[PDB]
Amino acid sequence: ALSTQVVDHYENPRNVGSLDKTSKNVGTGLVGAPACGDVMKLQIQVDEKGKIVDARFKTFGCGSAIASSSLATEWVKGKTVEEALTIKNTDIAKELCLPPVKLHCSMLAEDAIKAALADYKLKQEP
């Protein structure tokens, strides 16, 4: 049936786009594989005190993958880098009412958050 929570991320898109991969304050997570029907790119922008002040995403995948990545991108804004690691696949699935056959989407969005944060943290060691 129709999932209003998931369809909203496509019909009313938010944070779709790109950040500058060369910035020391941008982390880029790119996870999934075209052959598995789900690729998520999630970028975060962190200010000089460790607060994520912006994020952007691009996703190739079903609507629940687009909603999972889109929700993750909204949710990292205003978290510190340490708070953003709190975010769990299960909170994402709960918010979106994901059925069990789509829970892999919320796990991949969690993977993307952590990949973006690990990219940011690797840039940080002077």
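Residue positions are given as counts along the sequence shown, with the first one as 1.
Student: In the PDB record, does 112-120 or 12-20 carry the higher mean Cα temperature factor?
Tutor: Mean B over CA atoms: larger for 112-120.
Student: Comparing 61-69 with 86-94, which has the greater mean CA B-factor as deposited?
Tutor: Here the higher of the two C-alpha B-factor means belongs to 86-94.
Student: Would you mind checking where the Cα B-factor of residue 27 ranks among the modelled residues of its chain, as the lowest, middle or highest third?
Tutor: Middle third, going by the recorded CA B-factors of the chain.
Student: Hey, what third does residue 50 fall into on Cα B-factor, ranked over its chain?
Tutor: CA B-factor rank for residue 50: highest third.
Student: Rank-wise, by C-alpha B-factor, drop residue 34 into the lowest, middle or highest third of its chain.
Tutor: Tercile = middle for this residue's CA B-factor.
Student: Can you tell me whether residue 76 has a C-alpha B-factor in the lowest, middle or highest third compared with the other modelled residues of the same chain?
Tutor: Its C-alpha B-factor belongs to the middle third of this chain's values.
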